[PDB]
Amino acid sequence: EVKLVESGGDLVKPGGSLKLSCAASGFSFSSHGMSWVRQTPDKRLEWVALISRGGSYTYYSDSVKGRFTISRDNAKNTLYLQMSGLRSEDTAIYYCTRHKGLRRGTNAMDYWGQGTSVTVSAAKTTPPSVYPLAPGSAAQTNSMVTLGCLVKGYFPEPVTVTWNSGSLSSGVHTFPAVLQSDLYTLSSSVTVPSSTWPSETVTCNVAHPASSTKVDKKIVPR
Amino acid sequence: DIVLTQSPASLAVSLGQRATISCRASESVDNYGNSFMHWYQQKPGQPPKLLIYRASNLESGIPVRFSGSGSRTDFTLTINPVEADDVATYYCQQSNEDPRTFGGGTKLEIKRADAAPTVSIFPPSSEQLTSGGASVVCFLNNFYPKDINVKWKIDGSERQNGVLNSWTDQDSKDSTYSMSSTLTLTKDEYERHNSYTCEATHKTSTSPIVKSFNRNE
Ligand SMILES: CC(=O)N[C@H]1[C@H](OC[C@H]2O[C@H](OP(=O)(O)O)[C@H](NC(C)=O)[C@@H](O)[C@@H]2O)O[C@H](CO)[C@@H](OP(=O)(O)O)[C@@H]1O
Ligand SMILES: [Cl-]
Ligand SMILES: [Cl-]
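First to last, the sequence lines map onto chains H and L. With the entry's author numbering applied, the first sequence corresponds to residues 1 to 52, 52A, 53 to 82, 82A to 82C, 83 to 100, 100A to 100E, 101 to 213, in that order. With the entry's author numbering applied, the second sequence corresponds to residues 1 to 27, 27A to 27D, 28 to 213, in that order.
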C-alpha cells in the first residue's frame, strides 16, 4: 500500500517557523522526485517546492523562495519542508506528493497524502464547545430521526466530526465552518431509523487537533 | 512563470452528457515530443487525484470516460459520459518549466431534477443555555437546486439578524445539496419569545416547507 503521511501542521504566529514531515511507505522512495503542494482557504492549489530523487536539485515557488527549504532523507523515507518567516498567505493545507518516474522529461504528481493544516495568525488557539442536538421535547416520532451536534467557538480550523466512531457513516452531513466573532462554528447532522435511537446509543466524536481536544458527546432525548 | 488559465470557471452538465474543460498556457509546455500538462480531480475532504498525465495519457485506475488532448499552449479535459461521482473541481498543472504552476480550476456541477428538502429544527441544548448562549439549528437535507432560500420567523415575524447558512457540496450519489441554517441570539432574547420557525421556499412547491417549535410546548 502506497502511503504518504504528513505531520507537523499547527497554528504559528506571523514571522514564525514550522517544520513539516512526510513519511513515505510502500514504494521505492529514492526512485521518485517529490513535491509539496498547498491548498489555500480559497481552495486554490498552489505548487510550493520540489526535490529530485537524490536531493541535489530543488526548486521553489516565487512566494516561498528564500523562506522555505525542502529536503529529504532517503534512508528514513522522509520528505521535509522547513518553513520560516511565515505570513498570512502561507495558511493552507500542505500535501506531500510523489512524482511519477517516467523518463523523457518531467512528471505529474501521481500520489498525494491527506495533507496537514497550517495556520499563520496572531490569534490564540481556542478549543470548541460541543453541544448535542436532540429533537425538541414535543417532536413527532416518524420512521426516521435526524440528530446533530453543534461545534462552536474554536480556532483555528480544522475540527473533524465522526458519528459512533465512524460506524455511523451514511446519512451524515457535516457542514463547512463559518466565522462567528472571529471564532469558527459548524454543525453535523446524522439521520438514522427511529427504531435505533434512543434504543441504541448515538455519539458524535469531535476532535480539534490544535488544542488536543477530544470530545464524545452522547445525543440523549430531552 | 507560466500562467495557466482555465475556463469555464464552472460548468453544469446533465448526467450522461459530455463536459469539456479548457486550459490555456501563457507559453508552450511542449518538449521532447511530449506536452507537459497534467489534470487532477479534487473532491471535498479528499486530496487531489491525478487523472491525465502529459496531456493525453490516462492514469492507471482512472475510468476511460476521462480523456485529455491538446498541445503547445492549448489543452482540454473531456468527460464523456459525465456520471454522478464526477462532481469535483478539476485543475490543470504544467511541469515543463520550474516553478511549476496550476490553473485556477473548473468546478463541475450536475444538473438533475428538482427535489424538496427534508427539514429538521433543533432548540438550543440545555447545556448551551447554561453557558449563556442560544443557537437554533435548522438542517435542510437532500434538495435541488442549490439556491433554496431559508427564512426564519420568531413569533411570526421575519428574523434576519444572527442567521448564518452553510452548504455541503453536491452529493456524489444523488447529486443533491444539504445546508444548515443557524439562528444565534442571546439567551435573554431567546427566552423572551415563544415560536421559532425556519421556512424553506423552493420552486419544488408553491407552499413553503416549514419547521417550528414553541419554547412553551
Ligand atoms: C533528468 C532531468 O533532466 N531532470 C530531472 C531533475 O533532475 C535533477 C537531477 O537529478 C539527479 O540528481 P539526484 O537526484 O540529485 O541524484 C541527476 N543525477 C543522476 C541521474 O545521476 C542529475 O543529473 C539531475 O540534475 O529532477 C527532477 C526530479 O524531480 C525531474 O522532474 P520530474 O520528477 O518531474 O521528472 C527532472 O526530470
Ligand atoms: Cl525516445
Ligand atoms: Cl501554482
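We put the beta carbon where it would ideally sit given N, CA and C, even for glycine.
- The continuous stretches of beta strand (DSSP E) do not include residue 186 of chain L, which lies in the alpha helix (DSSP H) extending over residues 183-187.
- DSSP places residue 68 of chain H inside the beta strand (DSSP E), whose first and last residues are 68-72.
- For residue 17 of chain H, there is no enclosing beta strand (DSSP E), as DSSP marks it with neither H nor E.
- For residue 27 of chain L, the shortest separation between its Cβ and any heavy atom of ligand 3 does not lie below 6 Å.
- Between ligand 1 and the CB of residue 52A of chain H, the shortest heavy atom gap is smaller than 6 Å.
- Pairwise C-beta distances place the segment 143-151 of chain H in contact with the segment 197-205 of chain H, as three or more of them are shorter than 8 Å.
- Contact annotation: the segment 89-103 of chain L touches the segment 39-51 of chain H, with at least three C-beta pairs closer than 8 Å.
- Chain-ordered listing is empty here: chain H has no CB closer than 8 Å to the CB of residue 126 of chain L, the nearest sitting near 11 Å.
- Beyond the five residues adjoining it in sequence on each side, residue 110 of chain H comes within less than 6 Å, by CB distance, of 11, 87, 147 in the same chain, given in chain order.
- The Cβ of residue 169 of chain H sits closer than 7 Å to at least one Cβ of chain L.
- In its chain, beyond the 5 residues on either side, 79 have a beta carbon closer than 6 Å to the beta carbon of residue 70 of chain H.
- Short of 7 Å from the beta carbon of residue 8 of chain H, and not among the five residues preceding or following it, lie these beta carbons of its own chain, in chain order: 18, 19, 20, 21, 107.
- Listed in chain order, the non-local C-beta contacts of residue 174 of chain H below 7 Å within the same chain comprise 117, 144, 145, 146, local neighbours out to five positions each way being set aside.
- In the same chain as residue 27C of chain L, and ignoring 5 residues on each side of it, the C-beta atoms closer than 8 Å to its own belong to 32, 67, 68, 92, in chain order.
- Using a CB distance cut-off of 7 Å, residue 123 of chain L counts as an interface residue toward chain H.
- Using a CB distance cut-off of 7 Å, residue 42 of chain H does not count as an interface residue toward chain L.
- Between residue 134 of chain L and residue 162 of chain L a beta carbon distance of about 11 Å is seen, past the 8 Å cut, so the two are scored as non-contacting.
- For residue 160 of chain L, the chain H residues whose C-beta falls within less than 8 Å of its own C-beta are 169, 171, 176, listed in chain order.
- Of the heavy atoms belonging to ligand 3, at least one sits nearer than 6 Å to the Cβ of residue 47 of chain H.
- For residue 24 of chain L, the closest Cβ of chain H is not nearer than 7 Å.
- Of the residues assessed, residue 135 of chain H falls on the exposed side of the cut-off, its CB having fewer than 16 other CB atoms within 10 angstroms.
- A direct Cα-Cα distance of roughly 25 Å separates residue 168 of chain H from residue 206 of chain L.
- Close to residue 157 of chain H, with beta-carbon spacing below 9 Å, lies no residue of chain L; the smallest spacing is near 14 Å.
- Residues of the segment 15-28 of chain H that bring their beta carbon within less than 7 Å of a beta carbon in chain L are absent altogether.
- Residues of the same chain with a CB within less than 6 Å of the CB of residue 70 of chain L, apart from the 5 flanking positions on each side, are 24 in chain order.
- Identification of residues in the segment 115-126 of chain H having a C-beta nearer than 8 Å to some C-beta of chain L yields 120, 122, 123, 124, 125, 126, given in sequence order.
- Beta-bridge annotation (DSSP): residue 146 of chain H is paired with H:117.
- The beta-carbon distance between residue 138 of chain L and residue 178 of chain L, rounded to whole angstroms, is 19 Å. This is too long to meet the 8 Å contact definition.
- Within 6 Å of the C-beta of residue 100B of chain H there is at least one heavy atom belonging to ligand 1.
- Only those residues of the segment 99-116 of chain L whose C-beta falls short of 8 Å from the nearest C-beta of chain H are listed: 100, 101, 114, 116.
- By the criterion of a C-beta distance shorter than 6 Å, residue 34 of chain L is surrounded in its chain by 49, 89, once the five residues flanking it on both sides are discounted.
- When C-beta atoms of the segment 110-130 of chain L are compared with those of the segment 178-189 of chain L, three or more pairs fall below 8 Å, so the two segments count as touching.
- Exclusion of the five residues before and after residue 82C of chain H leaves 12, 16, 111 as the residues of its chain whose Cβ lies within less than 6 Å of its Cβ.
- In the three-state reduction of the DSSP assignment, residue 145 of chain L falls in the strand class.
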